[PDB]
Structure formats: C-alpha cells, structure tokens
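Worksheet for the structure shown next.
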Protein chains: 2
Amino acid sequence: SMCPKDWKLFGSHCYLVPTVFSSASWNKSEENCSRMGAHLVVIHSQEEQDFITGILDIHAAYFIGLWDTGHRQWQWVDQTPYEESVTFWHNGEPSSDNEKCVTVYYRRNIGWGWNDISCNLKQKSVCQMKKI
Amino acid sequence: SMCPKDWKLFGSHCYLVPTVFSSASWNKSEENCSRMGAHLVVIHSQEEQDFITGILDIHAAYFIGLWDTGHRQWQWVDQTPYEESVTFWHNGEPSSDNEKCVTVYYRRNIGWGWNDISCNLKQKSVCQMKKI
Ligand SMILES: [Ca+2]
Ligand SMILES: [Ca+2]
C-alpha cells in the first residue's frame with residue numbers, strides 16, 4: 001500500500017529501524033537509508049518525535065538526520081528548515097562543538113531526547129521516506 | 001470529479017487553502033498539504049501566480065513551496081527547477097539571508113508578490129496536487 005513492507009505509517013511518511021544492519025557511523029547510516037530510497041529521520045514536530053521514539057528500543061541510541069554544518073548550525077539531511085523552538089534536546093544538550101551529529105536516546109525517569117555526539121561513533125538509526 | 005471536494009481546478013492541478021488548522025509554520029504547512037497527498041504550491045508561470053492569488057484573501061499572507069536550502073539557493077518542495085527569470089518577488093525581496101521560507105501577500109496599490117520570512121512564523125498556506 002502507502003508504505004513498503006514492514007515500514008510504519010505516520011503522517012505523510014513511512015518509518016523503519018533497519019534491525020539487521022549492524023551499528024554504523026552517521027554517514028554509513030545515511031548511506032544505508034538511501035539504499036532503501038530513504039533518509040535518516042527529519043523530526044519537525046512533537047508528533048514525529050513521539051511516533052519515531054514509539055518504535056525504538058529504550059536500551060538503544062539512534063542517529064537522526066540532524067548535523068552541525070558549522071558551529072551549532074543544525075541542518076536536516078533533506079535540508080528542510082531547522083526550528084530551534086521545535087526541538088527535543090536532552091537537558092545539557094547540545095554539549096560540545098566537536099559533536100557534529102545527533103542521536104535520540106532514552107534517559108531513565110526523563111524520556112526520549114536528542115544528544116550531540118561524534119559522527120564516527122557507531123549507533124543504531126531510523127529511516128523515513130514519503131508514502132505513495 | 002477532476003478535483004476533490006472544495007478544491008479548485010487550474011490546468012492540470014487542483015488548489016486548496018486549508019481551513020482545518022487556521023495558521024502554521026512552513027514545515028507544518030508542508031506536512032498538512034502532504035497528508036492530503038498534496039504539497040505547498042509550486043509556481044511555474046504568471047498564470048499559476050494569478051490563479052493561486054485569485055483564490056486568496058488580500059488581508060492574509062500564505063506560505064508557498066519555496067525555501068532557501070543554503071545561501072539564497074531557492075528550492076521547490078516538488079524538486080522542479082527554480083528559474084530566477086520566472087519569479088514574482090515583491091520589490092526589495094528576497095530581503096535577507098535570515099528569511100529562508102517564502103510567503104505570497106498583497107501590497108496595497110501594488111498587487112500580490114513573494115516575500116522571504118522566518119520559517120518559524122505561522123502563516124496560512126495553499127496546497128496543490130495533480131488532478132484526477
Ligand atoms: Ca553531547
Ligand atoms: Ca523578506
């Protein structure tokens with residue numbers, strides 16, 4: 001139908017956690033999403049943050065398609081506008097101008113939130129594409 | 001039957017000013033269009049500019065599917081080419097490298113034209129889709 005097999009529908013998009021694809025760098029995660037005709041997730045709303053985290057394992061951290069093009073100059077992989085006022089950074093994040101890639105992970109007794117980390121650290125990931 | 005109920009036909013497209021939400025940011029405006037299998041209007045001619053502005057309230061500003069991905073690098077939401085020679089900018093627009101999203105609005109005694117504004121500001125919107 002609107003989404004490929006095992007992809008999950010929310011809004012105009014289809015989402016997948018590539019499970020078998022072993023942990024990888026941010027670039028290799030993006031490259032794997034694009035092999036499926038998808039991108040790392042672009043999280044524009046509370047609804048999208050809530051939906052995407054709804055399909056993740058609380059014991060794992062996941063690359064999202066947000067990266068720092070300069071000095072806290074955050075850009076989505078699809079180049080759609082970054083709005084600092086509709087973000088989900090954990091308390092104390094972002095933390096370091098040396099951390100240029102973004103992960104989403106669960107903090108005990110807090111919930112899901114973004115963390116800036118090294119682009120070279122291997123993490124799980126989640127992909128999105130438009131439906132049909 | 002060439003357009004869904006409440007939509008308006010022009011050439012090979014159907015147009016709608018959404019009503020269910022009364023204003024929203026550029027990203028949310030685009031997602032709302034996409035959920036109807038549409039996108040923010042992509043304007044490729046004088047005739048399109050005139051038809052789209054014809055169905056608008058002169059007292060309101062409306063997001064269109066044009067935004068700056070870099071430094072004055074304008075892109076359409078449907079990836080069709082941007083052509084500087086066929087644009088409808090108001091005098092003195094685009095005004096600033098801080099305004100990455102595009103609205104159409106009516107200037108008293110001048111007429112309709114495009115204006116670059118902050119992507120986070122809430123505006124009305126116009127959606128477009130291929131006819132049936
Ligand atoms: Ca950090
Ligand atoms: Ca402007």
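In the structure tokens, chains take letters A, B, ... by order of appearance, with residues numbered from 1 within each chain and ligands from 1 in the order shown.
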Could you please select, counting only C-alpha atoms, the residues of chain B within 8 Å of chain A and state them as a VMD selection string?
chain B and resid 27 to 28 31 34 to 35 37 69 100 119 to 120
Which residues sit within 7 Å of ligand 2, counting only C-alpha atoms and all ligand atoms, listed as JSON, numbers by chain?
{"B": [93, 94, 95, 96, 99, 115, 116, 117]}
Create the file for the chosen residues now, containing N, CA and C atoms and written as a PDB file, in the first residue's frame.
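Saved file result13.pdb follows:
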```pdb
ATOM      1  N   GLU B  93      12.706  42.214  -2.365  1.00  0.00           N
ATOM      2  CA  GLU B  93      12.699  40.797  -1.910  1.00  0.00           C
ATOM      3  C   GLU B  93      13.416  39.941  -2.955  1.00  0.00           C
ATOM      4  N   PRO B  94      14.066  38.825  -2.565  1.00  0.00           N
ATOM      5  CA  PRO B  94      14.195  38.439  -1.160  1.00  0.00           C
ATOM      6  C   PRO B  94      15.110  39.404  -0.390  1.00  0.00           C
ATOM      7  N   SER B  95      14.693  39.766   0.826  1.00  0.00           N
ATOM      8  CA  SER B  95      15.260  40.898   1.607  1.00  0.00           C
ATOM      9  C   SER B  95      16.491  40.457   2.394  1.00  0.00           C
ATOM     10  N   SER B  96      16.494  39.265   2.994  1.00  0.00           N
ATOM     11  CA  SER B  96      17.552  38.917   3.978  1.00  0.00           C
ATOM     12  C   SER B  96      17.845  37.412   4.007  1.00  0.00           C
ATOM     13  N   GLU B  99      15.895  34.977   6.314  1.00  0.00           N
ATOM     14  CA  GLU B  99      14.500  34.617   5.956  1.00  0.00           C
ATOM     15  C   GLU B  99      14.572  33.531   4.888  1.00  0.00           C
ATOM     16  N   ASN B 115       7.524  37.120  -0.666  1.00  0.00           N
ATOM     17  CA  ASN B 115       8.341  37.717   0.412  1.00  0.00           C
ATOM     18  C   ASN B 115       9.032  36.579   1.163  1.00  0.00           C
ATOM     19  N   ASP B 116      10.341  36.709   1.383  1.00  0.00           N
ATOM     20  CA  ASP B 116      11.077  35.752   2.247  1.00  0.00           C
ATOM     21  C   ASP B 116      10.819  36.160   3.697  1.00  0.00           C
ATOM     22  N   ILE B 117      10.467  35.194   4.544  1.00  0.00           N
ATOM     23  CA  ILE B 117      10.227  35.394   6.004  1.00  0.00           C
ATOM     24  C   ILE B 117      10.809  34.207   6.772  1.00  0.00           C
TER      25      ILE B 117
END
```
Tell me, which residues of stretch 54-87 of chain B carry DSSP helix (DSSP H, G or I), written as a list in words?
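Checking each residue of stretch 54-87 of chain B, the helix (DSSP H, G or I) ones are residues 54, 84, 85 and 86 of chain B.
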Within 9 Å of residue B:7, counting only C-alpha atoms, which residues show up once you throw out same-chain ones fewer than 2 positions away? Write them as a tab-separated table (two decimals) with N, CA, C and O atoms, in the first residue's frame, please.
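Listing of around-v8.tsv after writing:
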```tsv
chain	number	residue	atom	x	y	z
B	3	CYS	N	-11.31	17.35	-9.55
B	3	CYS	CA	-10.68	17.76	-8.26
B	3	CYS	C	-11.51	17.28	-7.07
B	3	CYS	O	-12.73	17.23	-7.13
B	4	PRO	N	-10.87	16.92	-5.93
B	4	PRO	CA	-11.60	16.53	-4.73
B	4	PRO	C	-12.46	17.69	-4.23
B	4	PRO	O	-12.17	18.82	-4.57
B	5	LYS	N	-13.48	17.38	-3.42
B	5	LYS	CA	-14.49	18.34	-2.91
B	5	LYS	C	-13.77	19.55	-2.28
B	5	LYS	O	-12.82	19.31	-1.49
B	9	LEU	N	-9.88	23.80	-9.68
B	9	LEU	CA	-9.13	23.34	-10.87
B	9	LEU	C	-8.42	24.53	-11.53
B	9	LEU	O	-9.03	25.60	-11.67
B	14	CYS	N	-5.09	20.95	-8.98
B	14	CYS	CA	-6.16	21.33	-8.03
B	14	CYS	C	-5.52	22.07	-6.86
B	14	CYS	O	-4.46	21.62	-6.41
B	15	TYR	N	-6.17	23.13	-6.38
B	15	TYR	CA	-5.63	24.04	-5.35
B	15	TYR	C	-6.64	24.15	-4.20
B	15	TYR	O	-7.87	24.03	-4.43
B	16	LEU	N	-6.10	24.34	-3.00
B	16	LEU	CA	-6.88	24.46	-1.75
B	16	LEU	C	-6.11	25.30	-0.75
B	16	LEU	O	-4.95	24.99	-0.52
B	17	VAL	N	-6.78	26.29	-0.17
B	17	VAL	CA	-6.38	26.97	1.09
B	17	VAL	C	-6.94	26.14	2.24
B	17	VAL	O	-8.16	26.09	2.43
B	128	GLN	N	-1.41	22.23	-3.45
B	128	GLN	CA	-1.57	21.90	-4.87
B	128	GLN	C	-1.39	20.39	-5.04
B	128	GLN	O	-0.61	19.79	-4.28
```
Among A:106, A:63, A:74, A:114, ligand 1 is approached most closely, using only C-alpha atoms and all ligand atoms, by A:114
Rank nothing, just name the residue among A:24, A:58, A:102, A:40 nearest to ligand 1, using only C-alpha atoms and all ligand atoms.
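Of A:24, A:58, A:102, A:40, the one nearest ligand 1, counting only C-alpha atoms and all ligand atoms, is A:102.
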Atomic separation - atom CA of residue B:105 relative to atom CA of residue B:49, Å
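Value for the atom CA of residue B:49-atom CA of residue B:105 distance: 11.3 Å.
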Atom CA of residue B:66 and atom CA of residue A:47 are how many Å apart?
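Those two atoms sit 24.0 Å apart.
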One decimal, in Å: what's the spacing between atom CA of residue A:52 and atom CA of residue B:121?
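So the two atoms, atom CA of residue A:52 and atom CA of residue B:121, lie 25.1 Å apart.
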What parts of stretch 11-131 of chain B does DSSP call strand (DSSP E)? I'd like the answer as a PyMOL selection string.
chain B and resi 13-16+39-40+62-68+74-76+101-107+111-117+124-125+127-130
Write the residues of the selection above to a file with N, CA and C atoms, as an mmCIF file, in the first residue's frame.
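See part10.cif below for the written result:
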```cif
data_model
loop_
_atom_site.group_PDB
_atom_site.id
_atom_site.type_symbol
_atom_site.label_atom_id
_atom_site.label_comp_id
_atom_site.auth_asym_id
_atom_site.auth_seq_id
_atom_site.Cartn_x
_atom_site.Cartn_y
_atom_site.Cartn_z
ATOM 1 N N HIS B 13 -3.768 20.896 -12.405
ATOM 2 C CA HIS B 13 -3.660 20.889 -10.921
ATOM 3 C C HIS B 13 -4.956 21.341 -10.240
ATOM 4 N N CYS B 14 -5.090 20.952 -8.977
ATOM 5 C CA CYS B 14 -6.160 21.327 -8.031
ATOM 6 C C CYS B 14 -5.516 22.071 -6.864
ATOM 7 N N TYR B 15 -6.169 23.127 -6.381
ATOM 8 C CA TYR B 15 -5.634 24.041 -5.350
ATOM 9 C C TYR B 15 -6.638 24.152 -4.204
ATOM 10 N N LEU B 16 -6.099 24.345 -3.000
ATOM 11 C CA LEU B 16 -6.883 24.464 -1.753
ATOM 12 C C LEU B 16 -6.107 25.303 -0.751
ATOM 13 N N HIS B 39 1.156 19.224 -1.976
ATOM 14 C CA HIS B 39 2.347 19.964 -1.490
ATOM 15 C C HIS B 39 2.028 21.453 -1.504
ATOM 16 N N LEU B 40 2.819 22.230 -0.783
ATOM 17 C CA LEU B 40 2.709 23.705 -0.852
ATOM 18 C C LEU B 40 2.881 24.102 -2.320
ATOM 19 N N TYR B 62 0.381 33.910 2.733
ATOM 20 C CA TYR B 62 0.276 32.438 2.555
ATOM 21 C C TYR B 62 1.632 31.866 2.173
ATOM 22 N N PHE B 63 2.102 30.869 2.919
ATOM 23 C CA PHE B 63 3.315 30.089 2.575
ATOM 24 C C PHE B 63 3.087 29.399 1.235
ATOM 25 N N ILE B 64 4.119 29.422 0.393
ATOM 26 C CA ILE B 64 4.224 28.663 -0.886
ATOM 27 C C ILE B 64 5.402 27.698 -0.727
ATOM 28 N N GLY B 65 5.577 26.757 -1.656
ATOM 29 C CA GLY B 65 6.529 25.645 -1.503
ATOM 30 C C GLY B 65 7.933 26.007 -1.951
ATOM 31 N N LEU B 66 8.384 27.218 -1.622
ATOM 32 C CA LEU B 66 9.730 27.737 -1.960
ATOM 33 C C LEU B 66 10.469 28.029 -0.655
ATOM 34 N N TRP B 67 11.705 27.550 -0.535
ATOM 35 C CA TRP B 67 12.555 27.827 0.646
ATOM 36 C C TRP B 67 14.029 27.753 0.249
ATOM 37 N N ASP B 68 14.863 28.440 1.031
ATOM 38 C CA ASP B 68 16.334 28.561 0.876
ATOM 39 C C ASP B 68 17.004 27.429 1.658
ATOM 40 N N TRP B 74 17.267 28.846 -3.685
ATOM 41 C CA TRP B 74 15.813 28.587 -3.610
ATOM 42 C C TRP B 74 15.508 27.215 -4.222
ATOM 43 N N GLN B 75 14.709 26.404 -3.517
ATOM 44 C CA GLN B 75 14.223 25.086 -3.999
ATOM 45 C C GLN B 75 12.701 25.015 -3.861
ATOM 46 N N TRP B 76 12.059 24.358 -4.827
ATOM 47 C CA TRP B 76 10.631 23.958 -4.802
ATOM 48 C C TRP B 76 10.488 22.630 -4.042
ATOM 49 N N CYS B 101 12.164 30.990 4.240
ATOM 50 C CA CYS B 101 10.863 30.492 3.716
ATOM 51 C C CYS B 101 10.121 31.620 3.006
ATOM 52 N N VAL B 102 9.235 31.257 2.081
ATOM 53 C CA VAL B 102 8.601 32.231 1.162
ATOM 54 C C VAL B 102 7.087 32.222 1.345
ATOM 55 N N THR B 103 6.579 33.438 1.405
ATOM 56 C CA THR B 103 5.149 33.740 1.518
ATOM 57 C C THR B 103 4.746 34.567 0.295
ATOM 58 N N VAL B 104 3.474 34.500 -0.067
ATOM 59 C CA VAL B 104 2.848 35.406 -1.058
ATOM 60 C C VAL B 104 1.858 36.282 -0.281
ATOM 61 N N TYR B 105 1.904 37.592 -0.495
ATOM 62 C CA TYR B 105 0.985 38.549 0.164
ATOM 63 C C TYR B 105 0.759 39.744 -0.758
ATOM 64 N N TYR B 106 -0.324 40.468 -0.471
ATOM 65 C CA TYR B 106 -0.848 41.608 -1.263
ATOM 66 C C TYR B 106 -0.334 42.914 -0.660
ATOM 67 N N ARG B 107 0.356 43.712 -1.470
ATOM 68 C CA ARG B 107 0.767 45.094 -1.106
ATOM 69 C C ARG B 107 -0.302 46.043 -1.645
ATOM 70 N N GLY B 111 -0.112 44.962 -5.647
ATOM 71 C CA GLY B 111 -0.615 43.625 -6.006
ATOM 72 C C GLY B 111 0.090 42.533 -5.229
ATOM 73 N N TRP B 112 -0.079 41.291 -5.668
ATOM 74 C CA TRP B 112 0.489 40.103 -4.981
ATOM 75 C C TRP B 112 1.969 39.950 -5.333
ATOM 76 N N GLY B 113 2.758 39.429 -4.404
ATOM 77 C CA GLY B 113 4.184 39.156 -4.645
ATOM 78 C C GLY B 113 4.762 38.264 -3.575
ATOM 79 N N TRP B 114 5.945 37.694 -3.832
ATOM 80 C CA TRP B 114 6.629 36.793 -2.873
ATOM 81 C C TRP B 114 7.435 37.622 -1.889
ATOM 82 N N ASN B 115 7.524 37.120 -0.666
ATOM 83 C CA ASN B 115 8.341 37.717 0.412
ATOM 84 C C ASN B 115 9.032 36.579 1.163
ATOM 85 N N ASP B 116 10.341 36.709 1.383
ATOM 86 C CA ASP B 116 11.077 35.752 2.247
ATOM 87 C C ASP B 116 10.819 36.160 3.697
ATOM 88 N N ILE B 117 10.467 35.194 4.544
ATOM 89 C CA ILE B 117 10.227 35.394 6.004
ATOM 90 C C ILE B 117 10.809 34.207 6.772
ATOM 91 N N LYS B 124 -0.970 31.367 6.862
ATOM 92 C CA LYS B 124 -1.840 30.495 6.041
ATOM 93 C C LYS B 124 -0.969 29.829 4.966
ATOM 94 N N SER B 125 -1.569 28.989 4.137
ATOM 95 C CA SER B 125 -0.847 28.196 3.115
ATOM 96 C C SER B 125 -1.792 27.879 1.958
ATOM 97 N N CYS B 127 -2.228 24.616 -0.874
ATOM 98 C CA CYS B 127 -1.802 23.274 -1.308
ATOM 99 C C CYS B 127 -2.157 23.102 -2.779
ATOM 100 N N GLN B 128 -1.410 22.233 -3.446
ATOM 101 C CA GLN B 128 -1.574 21.904 -4.873
ATOM 102 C C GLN B 128 -1.394 20.389 -5.036
ATOM 103 N N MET B 129 -2.124 19.787 -5.970
ATOM 104 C CA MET B 129 -1.979 18.358 -6.351
ATOM 105 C C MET B 129 -2.333 18.223 -7.834
ATOM 106 N N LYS B 130 -1.812 17.179 -8.481
ATOM 107 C CA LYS B 130 -2.210 16.768 -9.852
ATOM 108 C C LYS B 130 -3.704 16.435 -9.795
#
```
Find, counting only C-alpha atoms and all ligand atoms, the residue in A:72, A:38, A:77, A:43 that gets nearest to ligand 1.
A:72
